[PDB]
């Protein structure tokens, strides 16, 4: 199957919107990590491929995904970066775990429909 950019966007955007809507949990994921502003200057020593919701949204908007799994891979990269960088007791780690639960739920019926 070949997927058109508008087909991917229509199917997948609602899944991204479901992540954005999560409060408190999405907040630290909504914008690219700024290590200096956040007071975590070691961040890029540890996280080599940063990813966040706004970047995923831009990629969906500008036709940078050819297949659904490429979108899923970016969402999971975002989660894996957070589970790697943060301690298991921290807000960002626990919030990541919540977003992974929401995403799994939202993406399954969408993939079945694609």
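Positions refer to the first chain, counted from 1. Definition used throughout: the rigid core is the maximal C-alpha set that superposes within 1.5 Å between two forms.
Rigid core superposition, C-alpha RMS per stretch in 7 other deposited structures of this protein: which comes out larger, 37-45 or 61-69? Between 37-45 and 61-69, greater C-alpha deviation in 7 other deposited structures of this protein belongs to 37-45.
When the Cα temperature factors in the entry are averaged, is it 84-92 or 42-50 that ends up higher? Result of the comparison: 42-50.
I need to verify one thing: averaged over C-alpha atoms only, is the B-factor higher for 73-81 or for 60-68? Taking the mean C-alpha B-factor of 73-81 and of 60-68, the larger value falls to 60-68.
What third of the chain does residue 36 rank in for C-alpha temperature factor, lowest, middle or highest? For residue 36, whose C-alpha B-factor we compare with every modelled residue in the chain, the answer is the highest third.
Split into thirds by Cα B-factor across the chain's modelled residues, where does residue 19 land: lowest, middle or highest? Answer is middle: the recorded C-alpha B-factor places it there.
Ordered by C-alpha B-factor within the chain, which third holds residue 102? Give me lowest, middle or highest, please. CA B-factor rank for residue 102: lowest third.
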